[PDB]
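Have a look below at one chain only, the form deposited without the named molecule, in structure tokens format.
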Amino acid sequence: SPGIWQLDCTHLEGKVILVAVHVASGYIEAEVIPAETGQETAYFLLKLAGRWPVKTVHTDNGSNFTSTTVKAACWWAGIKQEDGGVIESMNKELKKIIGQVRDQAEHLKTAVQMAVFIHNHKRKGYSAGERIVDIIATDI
């Protein structure tokens, strides 16, 4: 459980928001990209795996599953690539927060990182950031 992540892709303002969700905690990382490609997904995953112990990634669709560039990044980073309700509720919630901060941010990416911050800090009493750290520390 501690090493399992789910990728998730959603659209906003003509751009794409790529999200990784740590399944057991609900903790997220996200980035704005112009469109989802294999190279963007591969790079996102390389970043994620250098920061957290990513063992398994449930890819968000069959194109990223099939992408040899994504496969190369999973190979490089030691990630097991696998296939994929709660995430749909996650996308609506992320878009909700983005709308609440949109007035504070000129750039979409700034608003998206504000929403990542608010999501990971929200208490509902532990936060997702506390849960992911607690879950991984007990694995150690």
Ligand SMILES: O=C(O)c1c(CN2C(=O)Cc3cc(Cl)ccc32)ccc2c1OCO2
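Residue indices: 1-based, along the sequence shown.
Another form exists, deposited with the named molecule bound; not displayed. Remarks below refer to it.
Using a 2.4 Å cut-off against backbone and C-beta atoms, the named molecule, superposed onto this form from its pose in the deposited complex, places no atom that close, and the site is open. At least one heavy atom of residue 93 is located within 4.5 Å of the named molecule in the deposited complex. Residues 21, 23, 25, 26, 28 of 16-39 are found to place at least one heavy atom within 4.5 Å of the named molecule in the deposited complex.
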